[PDB]
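Read the structure below first, then the notes.
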Ligand SMILES: [Ca+2]
Ligand SMILES: [Ca+2]
Ligand SMILES: [Zn+2]
Ligand SMILES: [Zn+2]
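Here it is as structure tokens:
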């Protein structure tokens, strides 16, 4: 599942997102399981982890978890899970 | 997984939650898959689905998805998934 590298960001915080799938990683939602994670570009990853705080933490969290649900939905369709 | 019946609500919107696990069901997050769902008491279920709108929709969504992550984490621990 850590092979979400090079996929589209599912977090997509406006402004913060870089939209560049080359930067995408499996970003764990806060040894946590890879299921409980979202594909996130480098920028969104730093924001959802609160290494940056460009946006409100509730909104970041909302986007992170929305991203997690989209990611799991991708895994479902693709046969990954 | 629809055997989340009688478990504790993982959504727990303050005020809205009834806290009564007898009312709990597997509430799908919006034929969607049961993975993309949370254990929710009857009250939280109606709120996250927007049948009631006691709280802000962004906050409800946040709680719903947080509930989904907690539920999946329960499924992981319990061997359900
Ligand atoms: Ca940007
Ligand atoms: Ca109550
Ligand atoms: Zn992004
Ligand atoms: Zn509840």
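Protein chains in written order, with the authors' numbering: chain A, 5 to 34, 44 to 94; chain A', 5 to 34, 44 to 94. A prime marks a further copy of an entry chain.
Built from N, CA and C at the ideal position, the CB exists for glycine as well.
{"Item": "Using a Cβ-Cβ distance under 8 Å, would residue 20 of chain A count as near chain A'?", "Value": "no"}
{"Item": "Distance check for residue 51 of chain A and residue 10 of chain A, CA to CA, integer angstroms please.", "Value": "13 Å"}
{"Item": "Given a threshold of 16 other Cβ atoms within 10 Å of its Cβ, counted over all protein chains shown, does residue 26 of chain A qualify as buried or as exposed?", "Value": "exposed"}
{"Item": "In this structure, how does DSSP classify residue 30 of chain A' when only helix, strand and coil are distinguished?", "Value": "strand"}
{"Item": "Is residue 6 of chain A close to chain A', meaning its C-beta is less than 8 Å from at least one C-beta of that chain?", "Value": "no"}
{"Item": "Just grab the DSSP bridge partners of residue 70 of chain A' for me.", "Value": "Looking at the DSSP assignment, residue 70 of chain A' forms no beta bridge with any residue, so it has no partner."}
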